[PDB]
$ cat structure-v3.pdb   # PDB, C-alpha atoms
ATOM      1  CA  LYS O   1      -9.472   8.261  -0.083  1.00  0.00           C
ATOM      2  CA  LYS O   2     -10.235  10.670  -2.927  1.00  0.00           C
ATOM      3  CA  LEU O   3     -10.112  10.554  -6.727  1.00  0.00           C
ATOM      4  CA  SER O   4     -11.931  13.458  -8.379  1.00  0.00           C
ATOM      5  CA  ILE O   5     -15.420  12.841  -9.760  1.00  0.00           C
ATOM      6  CA  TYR O   6     -15.781   9.064  -9.506  1.00  0.00           C
ATOM      7  CA  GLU O   7     -14.916   8.237  -5.896  1.00  0.00           C
ATOM      8  CA  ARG O   8     -14.525  11.480  -3.948  1.00  0.00           C
ATOM      9  CA  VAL O   9     -18.241  12.166  -4.386  1.00  0.00           C
ATOM     10  CA  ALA O  10     -19.193   8.708  -3.126  1.00  0.00           C
ATOM     11  CA  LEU O  11     -16.500   8.350  -0.463  1.00  0.00           C
ATOM     12  CA  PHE O  12     -17.288  11.725   1.103  1.00  0.00           C
ATOM     13  CA  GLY O  13     -21.056  11.339   0.912  1.00  0.00           C
ATOM     14  CA  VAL O  14     -21.048   7.811   2.312  1.00  0.00           C
ATOM     15  CA  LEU O  15     -18.105   8.095   4.705  1.00  0.00           C
ATOM     16  CA  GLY O  16     -18.109  11.846   5.260  1.00  0.00           C
ATOM     17  CA  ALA O  17     -21.869  12.121   5.705  1.00  0.00           C
ATOM     18  CA  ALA O  18     -22.004   9.856   8.757  1.00  0.00           C
ATOM     19  CA  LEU O  19     -18.855  11.473  10.150  1.00  0.00           C
ATOM     20  CA  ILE O  20     -20.082  15.062  10.428  1.00  0.00           C
ATOM     21  CA  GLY O  21     -22.943  14.724  12.892  1.00  0.00           C
ATOM     22  CA  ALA O  22     -22.334  11.711  15.120  1.00  0.00           C
ATOM     23  CA  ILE O  23     -18.558  11.957  15.503  1.00  0.00           C
ATOM     24  CA  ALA O  24     -17.223  15.513  15.660  1.00  0.00           C
ATOM     25  CA  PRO O  25     -20.160  17.943  15.312  1.00  0.00           C
ATOM     26  CA  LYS O  26     -18.420  21.325  15.265  1.00  0.00           C
ATOM     27  CA  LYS O  27     -21.697  23.194  14.771  1.00  0.00           C
TER      28      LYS O  27
END
$ encode --input "structure-v3.pdb" --output "structure tokens"
Amino acid sequence: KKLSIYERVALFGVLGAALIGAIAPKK
């Protein structure tokens, strides 16, 4: 889910990157 600086930066950029544009684009 989220660690700090060894998982949260890879879990949000790999799972959160493809989630904010083709899922719930609140732009």
$ atom_distance --input "structure-v3.pdb" --atom1 "atom CA of residue 3 of chain O" --atom2 "atom CA of residue 15 of chain O"
14.2 Å
$ atom_distance --input "structure-v3.pdb" --atom1 "atom CA of residue 25 of chain O" --atom2 "atom CA of residue 6 of chain O"
26.7 Å
$ atom_distance --input "structure-v3.pdb" --atom1 "atom CA of residue 23 of chain O" --atom2 "atom CA of residue 4 of chain O"
24.8 Å
$ residues_near_point --input "structure-v3.pdb" --point "(-8.9, 11.1, 0.9)" --cutoff "9 Å" --atoms "only C-alpha atoms" --output "list in words"
residues 1, 2, 3, 8, 11 and 12 of chain O
$ build_atoms --input "structure-v3.pdb" --residues "segment 15-27 of chain O" --atoms "N, CA, C and O atoms" --output "compact mmCIF listing (two decimals), in the frame of the given file"
# COMPACT_ATOMS: atom_id res chain seq x y z
N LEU O 15 -19.01 8.20 3.56
CA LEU O 15 -18.10 8.10 4.70
C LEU O 15 -17.97 9.44 5.42
O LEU O 15 -17.67 9.49 6.61
N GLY O 16 -18.21 10.52 4.68
CA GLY O 16 -18.11 11.85 5.26
C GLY O 16 -19.45 12.37 5.74
O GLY O 16 -19.51 13.34 6.50
N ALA O 17 -20.52 11.72 5.31
CA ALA O 17 -21.87 12.12 5.70
C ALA O 17 -22.19 11.64 7.12
O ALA O 17 -22.82 12.36 7.90
N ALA O 18 -21.76 10.43 7.44
CA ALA O 18 -22.00 9.86 8.76
C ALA O 18 -20.84 10.14 9.70
O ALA O 18 -20.70 9.49 10.74
N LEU O 19 -20.01 11.11 9.34
CA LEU O 19 -18.86 11.47 10.15
C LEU O 19 -18.98 12.90 10.66
O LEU O 19 -18.30 13.30 11.61
N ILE O 20 -19.86 13.68 10.03
CA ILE O 20 -20.08 15.06 10.43
C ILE O 20 -21.46 15.24 11.05
O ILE O 20 -22.32 15.94 10.51
N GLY O 21 -21.67 14.62 12.21
CA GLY O 21 -22.94 14.72 12.89
C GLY O 21 -23.04 13.80 14.09
O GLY O 21 -23.74 14.10 15.06
N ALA O 22 -22.33 12.68 14.03
CA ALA O 22 -22.33 11.71 15.12
C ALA O 22 -20.91 11.35 15.54
O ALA O 22 -20.69 10.32 16.19
N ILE O 23 -19.96 12.19 15.17
CA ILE O 23 -18.56 11.96 15.50
C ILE O 23 -17.91 13.22 16.07
O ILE O 23 -17.51 13.25 17.23
N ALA O 24 -17.82 14.25 15.24
CA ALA O 24 -17.22 15.51 15.66
C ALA O 24 -18.04 16.70 15.15
O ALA O 24 -17.60 17.47 14.30
N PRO O 25 -19.26 16.85 15.69
CA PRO O 25 -20.16 17.94 15.31
C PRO O 25 -19.67 19.30 15.80
O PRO O 25 -19.93 19.70 16.93
N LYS O 26 -18.95 20.01 14.93
CA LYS O 26 -18.42 21.32 15.26
C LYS O 26 -19.39 22.43 14.84
O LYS O 26 -18.98 23.44 14.28
N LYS O 27 -20.67 22.22 15.12
CA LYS O 27 -21.70 23.19 14.77
C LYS O 27 -21.99 24.12 15.95
O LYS O 27 -22.41 25.26 15.76
